[PDB]
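S.K.: I'd like to ask some things about the structure below.
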There are 2 protein chains.
Amino acid sequence: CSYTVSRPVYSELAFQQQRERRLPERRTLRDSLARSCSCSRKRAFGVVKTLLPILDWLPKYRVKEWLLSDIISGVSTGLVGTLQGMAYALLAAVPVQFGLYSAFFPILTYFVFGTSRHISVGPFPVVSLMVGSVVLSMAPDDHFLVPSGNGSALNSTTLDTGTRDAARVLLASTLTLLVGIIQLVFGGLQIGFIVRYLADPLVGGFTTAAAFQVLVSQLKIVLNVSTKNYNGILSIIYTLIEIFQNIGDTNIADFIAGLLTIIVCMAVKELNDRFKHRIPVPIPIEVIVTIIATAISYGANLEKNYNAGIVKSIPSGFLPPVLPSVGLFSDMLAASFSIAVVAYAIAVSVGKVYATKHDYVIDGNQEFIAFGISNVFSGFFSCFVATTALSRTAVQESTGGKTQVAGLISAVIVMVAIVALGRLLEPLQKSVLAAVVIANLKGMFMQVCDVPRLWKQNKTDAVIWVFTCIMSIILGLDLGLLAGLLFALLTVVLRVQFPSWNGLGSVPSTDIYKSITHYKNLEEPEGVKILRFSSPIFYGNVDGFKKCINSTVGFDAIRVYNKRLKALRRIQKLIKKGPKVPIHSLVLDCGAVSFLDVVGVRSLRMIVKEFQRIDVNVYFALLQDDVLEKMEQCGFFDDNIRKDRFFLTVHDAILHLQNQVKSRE
Amino acid sequence: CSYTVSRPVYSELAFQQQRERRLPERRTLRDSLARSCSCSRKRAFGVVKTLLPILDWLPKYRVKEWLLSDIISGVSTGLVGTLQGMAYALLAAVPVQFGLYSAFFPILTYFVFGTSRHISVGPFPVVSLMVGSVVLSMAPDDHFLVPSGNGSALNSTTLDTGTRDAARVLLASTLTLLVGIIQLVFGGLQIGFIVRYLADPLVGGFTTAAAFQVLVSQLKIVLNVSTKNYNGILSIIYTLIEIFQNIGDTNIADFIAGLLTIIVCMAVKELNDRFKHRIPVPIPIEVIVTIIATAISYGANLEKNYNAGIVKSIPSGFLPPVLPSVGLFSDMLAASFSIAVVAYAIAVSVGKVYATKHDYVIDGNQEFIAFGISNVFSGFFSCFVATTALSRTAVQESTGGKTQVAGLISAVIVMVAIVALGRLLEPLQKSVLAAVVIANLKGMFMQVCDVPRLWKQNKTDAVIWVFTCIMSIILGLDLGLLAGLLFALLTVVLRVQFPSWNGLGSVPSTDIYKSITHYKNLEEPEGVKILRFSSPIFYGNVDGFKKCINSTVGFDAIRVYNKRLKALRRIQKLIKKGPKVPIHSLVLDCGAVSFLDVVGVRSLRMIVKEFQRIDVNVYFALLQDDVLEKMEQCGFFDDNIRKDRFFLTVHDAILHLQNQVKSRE
């Protein structure tokens with residue numbers, strides 16, 4: 001309707017006098033720590049109710065209808081889990097039997113501390129790759145070769161397959177303990193704002209470039225070539241050239257088998273996703289392609305006939321717990337910190353997707369403790385880092401999943417695949433397992449189509465995507481995440497250092513002020529020049545704030561005062577012998593200021609002092625209360641710059657000048 | 001007087017229709033690049049005048065009295081500068097004559113490109129300490145010892161003084177050449193915003209730590225003790241422990257002489273600073289104490305009698321130019337970058353001080369270019385990095401200085417002290433030169449008294465002072481500057497990630513809105529809840545923004561919908577068988593937003609969608625045009641969330657809500 005007000009021009013002091021303030025809360029640190037820790041039984045039961053989420057949904061189960069859906073979904077993901085687990089184990093340089101352990105022990109721990117319902121904890125292609133980089137860099141192949149075999153001329157320095165795996169397993173298991181501890185520290189100390197720095201373009205660009213390194217790494221298994229485990233700078237570029245140089249030393253059997261299941265698993269996946277309305281339950285294409293693979297490889301002995309690469313290394317048994325090799329945390333702390341954060345970032349991202357669709361909330365701090373205890377419990381049983389794969393958790397939700405009981409039943413399928421089953425997968429070719437991983441890389445390879453979308457959107461978000469994608473390819477993969485966080489935080493500083501300053505003018509017959517570079521019919525007060533400056537002034541944009549003022553007034557407060565004294569010598573010598581035209585005032589619309597950064601507030605007192613010497617007043621328009629209370633402490637309100645210079649509304653500053661020139665020409 | 005307005009409630013569309021916008025400037029990069037480079041002679045004359053500032057003040061001289069003033073200031077500053085150079089030569093591990101060289105050529109170079117008038121370019125204690133640390137880390141003492149001298153049992157591995165000085169001088173020349181190249185690159189590319197990151201507390205803490213390290217080094221030199229040139233982590237602590245262990249192996253004469261000259265110089269300096277009104281020109285205490293030291297040390301032969309440490313290494317002659325040892329840039333790039341940055345920062349600080357004290361302006365890029373050319377010209381004549389010392393430039397201002405001619409006369413003093421004089425300073429003890437440096441450390445040691453002042457002020461800036469001071473002591477000195485800039489940027493990011501959110505309410509009979517946590521008599525509209533959020537929303541403060549919304553509304557937009565759908569199943573099953581109370585709207589006062597970081601506008605749209613499902617409208621109050629134009633591109637205004645939801649003024653949203661609840665119950 002109508003918007004009419006009638007109030008005096010309360011600048012700063014006409015409003016601060018009659019308005020009583022609130023008494024601030026006293027320090028009383030002695031009572032604060034006492035009031036924090038409660039003694040009632042409600043607080044004691046509350047902290048345990050959220051620490052062990054099993055006491056929430058297990059007593060409130062729905063055996064009538066929920067138990068039936070968990071069994072059919074458990075046996076579904078159990079077959080997909082035991083195959084993806086043994087396939088992702090090749091990305092971490094660990095033997096194939098330790099991949100099944102990563103799909104059994106972490107699930108048993110994510111049943112009493114987990115705060116999700118539709119998350120299948122297990123291996124992950126990106127996370128297992130980062131673990132494999134640590135195992136290869138701290139235990140290479142040329143560090144275990146023993147000279148034996150009565151060679152021709154020199155010592156028979158043959159491969160030392162066998163006892164070499166014990167150096168890789170103890171190294172991978174020790175890494176997971178450090179990963180679990182870091183997650184417990186972030187969850188215990190309630191510090192979770194570090195994961196907020198991993199923006200969606202940063203994680204999207206990181207996973208896209210990580211999919212390339214997985215593609216090159218898995219291509220080595222498909223072509224059955226032998227690289228030199230190049231690690232460091234341009235690791236993916238160097239290993240890609242070595243594969244092309246060793247194309248002749250490939251295996252036709254592994255190539256024709258690996259490329260065949262690549263087309264089959266990908267075509268059926270896109271056919272099932274597109275034609276979802278026909279059949280609700282996705283057909284286990286990854287499972288049926290493995291059963292037919294081990295069946296063909298068993299009849300025709302591809303190990304002896306075509307010299308293919310088979311597993312033939314499944315002992316089909318458990319192992320006693322082994323203590324981690326403590327002492328290697330110094331050379332792995334940098335890599336473990338990156339793995340622990342990227343594992344939690346993917347866990348929450350995938351978890352929140354299936355949380356808003358089934359309308360339930362997932363706690364953030366509990367997710368750290370949940371994966372923290374799982375990684376520690378898996379480290380004591382020779383496992384690698386546990387996460388949640390989007391492809392594996394999609395099977396548990398599509399086939400019907402309600403609680404974590406579907407995952408517990410999925411652990412029984414992996415359970416029988418270790419004690420009794422597992423030996424049947426002996427003649428399975430490693431190229432088939434190296435292909436089901438590439439078939440799931442389609443979800444991350446299609447993320448490149450978001451770069452043109454982010455370019456039409458905020459351009460700074462598209463640069464972070466390309467920066468992280470390239471930096472996670474040139475300089476390793478763990479350093480790419482660190483080089484992306486620093487570049488992302490630097491972009492935030494660049495946006496608050498170079499703000500969007502305008503020339504706000506007045507709209508006729510109203511009180512609203514809009515930018516002069518966006519509208520035409522905006523009138524400005526005669527003599528007054530209004531300037532808006534977002535991105536509150538700090539030590540970095542304090543010099544730019546001076547340039548913004550000099551640009552909107554047309555002159556410089558230093559050169560004008562210099563020319564005055566340079567010309568005043570002629571005026572003061574006439575007795576012995578014998579520019580700032582338009583600017584009347586400067587109303588600074590500092591309404592978007594958040595902090596002060598006293599290093600920068602010293603210039604605000606200087607700016608008023610500079611313009612006061614050239615007969616120009618520098619008023620303020622929209623300073624907040626939390627900033628004005630900060631100026632009083634930083635030594636700004638002296639016997640010259642009083643509070644009357646500040647105002648509450650931008651139109652109040654103009655009314656103060658218009659009423660001042662009428663009573664004083 | 002009175003502040004009355006009368007306008008309709010223009011929310012977003014009632015104001016955007018009748019208000020014509022301005023046509024944006026076309027890209028036309030061809031004409032922009034063509035219009036950038038000018039063809040007229042005026043632009044060429046201007047760039048030549050601003051590149052070589054000698055053509056400005058030299059033809060406009062005032063010989064009559066300026067000649068005598070510049071002559072006296074030049075002889076005084078020449079004495080002071082040759083003393084400071086022969087003193088700082090010990091901090092750079094180079095011989096004494098090379099300090100005199102570094103105090104001669106940079107002054108001649110800063111005469112045609114310099115843009116200041118009261119700057120005495122030369123050595124500097126901090127820069128000399130950094131150069132000496134680099135030289136010691138890249139050329140230690142145990143890397144040149146030759147076994148010779150027919151020792152007792154093992155090889156007589158005596159000291160190899162001599163040819164080591166050539167290697168140190170070549171290394172220092174390469175370092176200063178790289179510094180000059182980096183400065184020229186920073187100046188020509190017009191990139192000067194990197195120096196803005198060096199805040200005043202950061203520079204203060206860095207200078208305090210550098211003064212502490214200089215004190216430790218000069219105490220090592222005075223006591224005549226030999227350390228193991230420890231460099232790296234905790235270098236100052238290690239060398240202090242080594243000095244304390246080797247106290248017995250000192251020289252009584254050098255120690256007592258150093259203590260006496262320290263006391264004398266400090267007493268005379270404080271007496272001249274306190275009683276300034278008595279005598280205007282400061283008495284050259286350094287000059288007279290050096291004269292009396294070299295006079296006493298010549299009569300009584302302190303070299304043979306008391307076995308004191310004298311110079312006895314002044315050849316008193318020039319040297320042909322030497323080409324720098326190019327190829328060592330890889331192992332000194334970071335050190336040269338830090339040295340150039342700190343030198344330019346100190347130079348700009350001193351120039352701005354002595355320019356605002358004499359009412360003139362000094363350019364930044366021209367200063368960078370001038371210092372780069374000076375360092376490049378000094379690198380070709382066996383010198384180190386050049387800067388301006390606050391103690392040396394104070395003499396040129398106190399004794400009377402108008403132009404850089406005082407520097408040209410100051411070079412003639414060093415000129416006559418290099419070719420002919422200088423040999424008279426042969427018996428001068430190194431402890432006397434190592435004491436004037438400590439006497440000049442009083443200005444930086446008193447900066448510790450600013451920590452209590454910055455604590456009462458903005459506390460985040462007082463932590464940067466202590467953080468930089470400690471980090472530049474534990475982990476070297478060059479890394480402390482890098483560890484301070486990153487910490488400062490992280491502190492800036494933390495201030496824009498955790499904003500100061502309030503509960504703004506309405507003041508009766510007015511239209512201004514103040515924080516509810518600062519005033520008592522503030523009334524809020526029935527049902528409406530206003531929330532202000534500074535520090536524009538980005539990928540880091542999205543969860544913080546959600547938490548602030550949930551705290552200001554009292555509930556959670558997800559848990560309420562969860563409970564609604566969990567209670568709705570009981571309602572929809574009765575046919576088969578047979579919270580959000582106070583919150584009516586949420587006006588977000590997003591007036592302090594600068595950018596939106598589309599990852600954040602996605603969360604904004606998600607919030608608006610979530611609150612729409614619980615019958616709660618989320619309006620906006622003070623969104624700027626530069627943010628709305630970004631939201632229009634980021635895919636926010638769909639067929640459901642129109643622009644009518646946005647408003648121009650905070651009171652307009654309240655008026656609209658009141659009209660809606662009056663016209664519709």
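Labels for the structure tokens follow display order: chains A, B, ..., residues from 1 in each chain, ligands from 1.
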If the cut-off is 7 Å, can you tell me the residues of chain B near chain A, counting only C-alpha atoms? I'd like them as number ranges by chain.
M.R.: B: 1-9, 20-22, 196-197, 199-200, 359-360, 456-458, 461, 493, 510-511, 517-520, 534-535, 539-540, 562, 591-594, 597-599, 633-634
S.K.: Using only C-alpha atoms, which protein or nucleic acid residues come within 12 Å of residue 295 in chain A? Drop anything in the same chain fewer than 2 positions from it, and give the result as a tab-separated table (two decimals) with N, CA, C and O atoms, in the first residue's frame.
M.R.:
```tsv
chain	number	residue	atom	x	y	z
A	288	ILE	N	26.72	-60.46	-12.91
A	288	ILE	CA	26.53	-61.50	-13.92
A	288	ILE	C	27.69	-61.53	-14.90
A	288	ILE	O	27.95	-62.57	-15.53
A	289	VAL	N	28.41	-60.42	-15.05
A	289	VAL	CA	29.55	-60.41	-15.96
A	289	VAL	C	30.76	-61.06	-15.30
A	289	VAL	O	31.70	-61.49	-15.99
A	290	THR	N	30.77	-61.17	-13.97
A	290	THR	CA	31.88	-61.82	-13.28
A	290	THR	C	31.67	-63.32	-13.21
A	290	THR	O	32.63	-64.09	-13.33
A	291	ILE	N	30.42	-63.76	-13.03
A	291	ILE	CA	30.14	-65.19	-12.97
A	291	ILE	C	30.40	-65.84	-14.33
A	291	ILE	O	30.92	-66.96	-14.41
A	292	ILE	N	30.06	-65.14	-15.41
A	292	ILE	CA	30.33	-65.67	-16.74
A	292	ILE	C	31.81	-65.56	-17.07
A	292	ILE	O	32.33	-66.30	-17.92
A	293	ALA	N	32.53	-64.64	-16.42
A	293	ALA	CA	33.96	-64.51	-16.66
A	293	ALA	C	34.74	-65.66	-16.05
A	293	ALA	O	35.61	-66.25	-16.70
A	297	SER	N	36.76	-68.67	-18.07
A	297	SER	CA	38.17	-68.80	-17.72
A	297	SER	C	38.50	-70.12	-17.05
A	297	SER	O	39.68	-70.48	-16.97
A	298	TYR	N	37.50	-70.86	-16.56
A	298	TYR	CA	37.74	-72.15	-15.94
A	298	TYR	C	37.77	-73.29	-16.95
A	298	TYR	O	38.64	-74.17	-16.86
A	299	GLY	N	36.85	-73.30	-17.91
A	299	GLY	CA	36.86	-74.30	-18.96
A	299	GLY	C	38.09	-74.19	-19.82
A	299	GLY	O	38.93	-75.10	-19.85
A	300	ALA	N	38.23	-73.08	-20.54
A	300	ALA	CA	39.44	-72.79	-21.28
A	300	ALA	C	40.46	-72.17	-20.33
A	300	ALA	O	40.26	-71.05	-19.84
A	301	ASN	N	41.54	-72.89	-20.06
A	301	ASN	CA	42.53	-72.44	-19.08
A	301	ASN	C	43.34	-71.28	-19.63
A	301	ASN	O	44.39	-71.48	-20.25
A	302	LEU	N	42.85	-70.06	-19.41
A	302	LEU	CA	43.52	-68.87	-19.93
A	302	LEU	C	44.87	-68.61	-19.28
A	302	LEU	O	45.66	-67.82	-19.82
A	424	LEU	N	36.45	-70.10	-5.57
A	424	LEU	CA	35.90	-70.26	-6.91
A	424	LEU	C	36.30	-69.13	-7.85
A	424	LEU	O	36.29	-69.32	-9.07
A	425	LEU	N	36.66	-67.97	-7.31
A	425	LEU	CA	37.12	-66.84	-8.11
A	425	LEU	C	38.60	-66.91	-8.43
A	425	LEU	O	39.19	-65.89	-8.81
A	426	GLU	N	39.23	-68.07	-8.28
A	426	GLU	CA	40.64	-68.27	-8.56
A	426	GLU	C	40.98	-67.96	-10.02
A	426	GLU	O	41.90	-67.17	-10.27
A	427	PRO	N	40.30	-68.54	-11.01
A	427	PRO	CA	40.67	-68.29	-12.41
A	427	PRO	C	40.13	-66.99	-12.98
A	427	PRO	O	40.23	-66.78	-14.19
A	428	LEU	N	39.56	-66.11	-12.15
A	428	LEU	CA	39.04	-64.85	-12.65
A	428	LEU	C	40.17	-63.95	-13.12
A	428	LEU	O	41.16	-63.76	-12.41
A	429	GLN	N	40.03	-63.40	-14.33
A	429	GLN	CA	41.05	-62.52	-14.88
A	429	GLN	C	41.02	-61.17	-14.17
A	429	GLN	O	39.96	-60.66	-13.81
```
S.K.: Which residues, written as a PyMOL selection string, have at least one atom at most 9 Å from range 608-621 of chain A, with only C-alpha atoms counted and residues fewer than 3 positions away on the same chain left out?
M.R.: chain A and resi 11+557-558+560-561+564+580+583-591+603-605+641+644-653
S.K.: In Å, with one decimal, what is the gap from CA of residue 34 in chain B to CA of residue 545 in chain A?
M.R.: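 Atom-to-atom, CA of residue 34 in chain B and CA of residue 545 in chain A are spaced 29.1 Å apart.
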S.K.: Can you pull out the residues contacting range 473-481 of chain A? Cut-off 7 Å, using only C-alpha atoms, and skip same-chain residues under 4 positions away; I want them as an mmCIF file with C-alpha atoms, in the first residue's frame.
M.R.:
```cif
data_model
loop_
_atom_site.group_PDB
_atom_site.id
_atom_site.type_symbol
_atom_site.label_atom_id
_atom_site.label_comp_id
_atom_site.auth_asym_id
_atom_site.auth_seq_id
_atom_site.Cartn_x
_atom_site.Cartn_y
_atom_site.Cartn_z
ATOM 1 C CA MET A 130 45.275 -42.208 -2.807
ATOM 2 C CA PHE A 206 39.032 -33.273 -7.829
ATOM 3 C CA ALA A 209 40.710 -35.552 -12.399
ATOM 4 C CA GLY A 232 55.530 -37.118 -7.776
ATOM 5 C CA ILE A 233 55.161 -34.410 -10.428
ATOM 6 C CA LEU A 234 53.435 -35.363 -13.695
ATOM 7 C CA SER A 235 52.924 -38.905 -12.413
ATOM 8 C CA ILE A 236 49.887 -39.604 -14.608
ATOM 9 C CA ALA A 335 48.946 -37.948 2.853
ATOM 10 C CA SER A 338 44.154 -35.545 2.617
ATOM 11 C CA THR A 468 41.793 -28.194 -9.093
ATOM 12 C CA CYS A 469 41.352 -30.574 -12.037
ATOM 13 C CA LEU A 485 41.779 -25.427 -0.884
#
```
S.K.: Tell me which protein, DNA and RNA residues are within 12 Å of residue 334 in chain B, counting only C-alpha atoms, leaving out same-chain ones fewer than 3 positions away, and put them as a list in words.
M.R.: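 Near neighbours after the sequence-gap exclusion: residues 130, 134, 175, 178, 179, 182, 328, 329, 330, 331, 337, 338, 339, 340, 341, 477, 478, 479, 481 and 482 of chain B.
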S.K.: With N, CA, C and O atoms retained, could you export that selection as an mmCIF file, in the first residue's frame?
M.R.:
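Here's the written file part.cif:
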```
data_model
loop_
_atom_site.group_PDB
_atom_site.id
_atom_site.type_symbol
_atom_site.label_atom_id
_atom_site.label_comp_id
_atom_site.auth_asym_id
_atom_site.auth_seq_id
_atom_site.Cartn_x
_atom_site.Cartn_y
_atom_site.Cartn_z
ATOM 1 N N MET B 130 69.038 -11.378 6.312
ATOM 2 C CA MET B 130 68.475 -12.399 5.433
ATOM 3 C C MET B 130 69.483 -12.838 4.376
ATOM 4 O O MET B 130 69.620 -14.036 4.097
ATOM 5 N N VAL B 134 71.061 -16.602 3.918
ATOM 6 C CA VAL B 134 71.060 -17.332 2.653
ATOM 7 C C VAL B 134 72.476 -17.752 2.274
ATOM 8 O O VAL B 134 72.705 -18.886 1.833
ATOM 9 N N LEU B 175 72.173 -13.226 -5.502
ATOM 10 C CA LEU B 175 70.946 -13.030 -4.736
ATOM 11 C C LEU B 175 70.359 -11.644 -4.978
ATOM 12 O O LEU B 175 69.153 -11.501 -5.212
ATOM 13 N N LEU B 178 68.857 -11.394 -8.452
ATOM 14 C CA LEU B 178 67.537 -12.016 -8.516
ATOM 15 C C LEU B 178 66.491 -11.150 -7.824
ATOM 16 O O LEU B 178 65.349 -11.051 -8.290
ATOM 17 N N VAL B 179 66.866 -10.507 -6.715
ATOM 18 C CA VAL B 179 65.950 -9.592 -6.036
ATOM 19 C C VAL B 179 65.574 -8.436 -6.953
ATOM 20 O O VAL B 179 64.397 -8.068 -7.067
ATOM 21 N N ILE B 182 63.188 -9.659 -9.669
ATOM 22 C CA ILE B 182 61.834 -9.848 -9.156
ATOM 23 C C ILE B 182 61.147 -8.504 -8.951
ATOM 24 O O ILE B 182 59.956 -8.343 -9.252
ATOM 25 N N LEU B 328 71.865 -20.419 -10.006
ATOM 26 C CA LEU B 328 71.506 -20.680 -8.619
ATOM 27 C C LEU B 328 70.164 -20.070 -8.239
ATOM 28 O O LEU B 328 69.910 -19.847 -7.051
ATOM 29 N N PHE B 329 69.302 -19.791 -9.218
ATOM 30 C CA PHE B 329 68.011 -19.183 -8.914
ATOM 31 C C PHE B 329 67.033 -20.191 -8.326
ATOM 32 O O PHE B 329 66.133 -19.809 -7.570
ATOM 33 N N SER B 330 67.193 -21.476 -8.655
ATOM 34 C CA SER B 330 66.244 -22.483 -8.189
ATOM 35 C C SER B 330 66.294 -22.640 -6.674
ATOM 36 O O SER B 330 65.252 -22.791 -6.026
ATOM 37 N N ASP B 331 67.490 -22.609 -6.092
ATOM 38 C CA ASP B 331 67.662 -22.798 -4.659
ATOM 39 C C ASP B 331 67.580 -21.499 -3.867
ATOM 40 O O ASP B 331 67.743 -21.528 -2.642
ATOM 41 N N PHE B 337 62.515 -13.731 -3.259
ATOM 42 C CA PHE B 337 61.167 -13.175 -3.245
ATOM 43 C C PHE B 337 60.861 -12.526 -1.901
ATOM 44 O O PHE B 337 60.370 -11.391 -1.843
ATOM 45 N N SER B 338 61.150 -13.234 -0.807
ATOM 46 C CA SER B 338 60.892 -12.685 0.521
ATOM 47 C C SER B 338 61.719 -11.430 0.771
ATOM 48 O O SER B 338 61.215 -10.444 1.326
ATOM 49 N N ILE B 339 62.994 -11.448 0.369
ATOM 50 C CA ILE B 339 63.857 -10.287 0.565
ATOM 51 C C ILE B 339 63.325 -9.088 -0.207
ATOM 52 O O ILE B 339 63.238 -7.976 0.329
ATOM 53 N N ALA B 340 62.961 -9.291 -1.476
ATOM 54 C CA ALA B 340 62.433 -8.195 -2.282
ATOM 55 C C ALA B 340 61.148 -7.645 -1.681
ATOM 56 O O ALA B 340 60.956 -6.424 -1.605
ATOM 57 N N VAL B 341 60.259 -8.534 -1.232
ATOM 58 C CA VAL B 341 58.988 -8.091 -0.668
ATOM 59 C C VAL B 341 59.215 -7.258 0.589
ATOM 60 O O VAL B 341 58.654 -6.164 0.730
ATOM 61 N N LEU B 477 63.658 -17.157 9.387
ATOM 62 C CA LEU B 477 63.160 -15.799 9.224
ATOM 63 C C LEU B 477 62.446 -15.568 7.903
ATOM 64 O O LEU B 477 61.448 -14.844 7.878
ATOM 65 N N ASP B 478 62.922 -16.163 6.808
ATOM 66 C CA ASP B 478 62.247 -16.007 5.525
ATOM 67 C C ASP B 478 60.918 -16.753 5.496
ATOM 68 O O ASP B 478 59.959 -16.293 4.866
ATOM 69 N N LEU B 479 60.844 -17.903 6.168
ATOM 70 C CA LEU B 479 59.592 -18.649 6.228
ATOM 71 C C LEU B 479 58.588 -18.002 7.172
ATOM 72 O O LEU B 479 57.381 -18.230 7.034
ATOM 73 N N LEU B 481 57.849 -14.835 7.298
ATOM 74 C CA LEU B 481 57.068 -13.884 6.514
ATOM 75 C C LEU B 481 56.011 -14.598 5.683
ATOM 76 O O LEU B 481 54.888 -14.100 5.534
ATOM 77 N N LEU B 482 56.350 -15.766 5.132
ATOM 78 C CA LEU B 482 55.368 -16.540 4.380
ATOM 79 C C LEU B 482 54.316 -17.139 5.304
ATOM 80 O O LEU B 482 53.134 -17.206 4.948
#
```
S.K.: How far is it from CA of residue 183 in chain A to CA of residue 369 in chain A, in Å with one decimal?
M.R.: 6.6 Å
S.K.: Hey, which of B:158, B:152, B:176, B:84 ends up closest to residue 440 in chain B? Count only C-alpha atoms.
M.R.: B:84
